[PDB]
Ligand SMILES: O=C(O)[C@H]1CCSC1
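Here you get one chain, nothing else, as structure tokens; it is the form solved without (3R)-thiolane-3-carboxylic acid (XH7).
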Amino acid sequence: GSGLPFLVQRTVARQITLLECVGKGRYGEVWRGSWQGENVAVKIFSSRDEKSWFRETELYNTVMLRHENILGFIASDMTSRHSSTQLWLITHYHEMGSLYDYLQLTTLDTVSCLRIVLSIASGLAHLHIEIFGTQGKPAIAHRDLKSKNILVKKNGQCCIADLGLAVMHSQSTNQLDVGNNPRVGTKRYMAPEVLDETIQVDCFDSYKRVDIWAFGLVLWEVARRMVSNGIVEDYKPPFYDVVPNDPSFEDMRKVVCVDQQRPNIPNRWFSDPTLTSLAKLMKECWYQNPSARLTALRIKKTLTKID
């Protein structure tokens, strides 16, 4: 699969030392660990998210998922630390952390903004594309794409993380694993058809289009932090002004379904050719009609032409 052979995976988990706790949330904890003096990221799952640990483990072990813009899987184990049994996911360590946190610490210029959003689009296209053959992969929809689930590399590229809610489709299998309620991700980023539960739960391409909606929101988050003529916006989450923290489903439905509202475009973006192009791009990710939204490959192409 994507990481070490399973025999090595078990020995690796035992050979890891946990050094520093860099993240904690409802998902559990993330640690900087060390394997033979090399940094690794270790996510220790909460009981609430144990099923996501299992789903992500089986995905990465059974699908060859190696791509510069997807978080690099190393191993998964149910191991003991300090006499407690724990669910570990071990990946490449990205010292910069999440795009969410990174955007609050610094600003971007044209080159670094485009590098971020193109690398996300490239990772998303690779997830979404079904590749046939013995070394191919099922199509994968992420279902919780957002800035907290994107990591930043030292070179300014990003990679998409956290495949615990992902759904997969092969020409072979017919029954998607939609898993009952479609409202599984983060409410602030949910597409209208998820919020109002009209999404065709049996149609795999419906889930790709939900990802595209969320990507447009991430594009907006990032573009706010690109400086033009010494001007930048502060970091804010999508819809931060029109809904409260931890917004309810009903909060989101009124904004996105009834009123058909979208994040506001700052006026100054139309003084800059890159931000003007990005504004147009994100609007093509947010159409109410899911089938009108651009594909990840079309977004990737457009971003490549902007530079």
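We number the residues from 1 along the sequence you see.
Below, we turn to the form solved in complex with (3R)-thiolane-3-carboxylic acid (XH7), even though it does not appear here.
J.: Looking at 191-199, 225-233, 108-116, 125-133, which lies within 4.5 angstroms of (3R)-thiolane-3-carboxylic acid (XH7) in the deposited complex, counting heavy atoms?
T.: Result for this chain: 125-133.
J.: If we define contact as a non-hydrogen atom of the residue within 4.5 angstroms of the partner, is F249 a contact of (3R)-thiolane-3-carboxylic acid (XH7) in the deposited complex?
T.: Flag for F249 set to no.
J.: Using heavy atoms and a 4.5 Å limit, would one call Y240 a contact residue for (3R)-thiolane-3-carboxylic acid (XH7) in the deposited complex?
T.: No, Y240 is distant from the partner.
J.: Would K51 count as touching (3R)-thiolane-3-carboxylic acid (XH7) in the deposited complex under a 4.5 Å heavy atom rule?
T.: It does: once (3R)-thiolane-3-carboxylic acid (XH7) is placed as it appears in the deposited complex, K51 has a heavy atom within 4.5 Å of it.
J.: When the contact criterion is heavy atoms within 4.5 Å, does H67 count as touching (3R)-thiolane-3-carboxylic acid (XH7) in the deposited complex?
T.: Yes, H67 is a contact residue.
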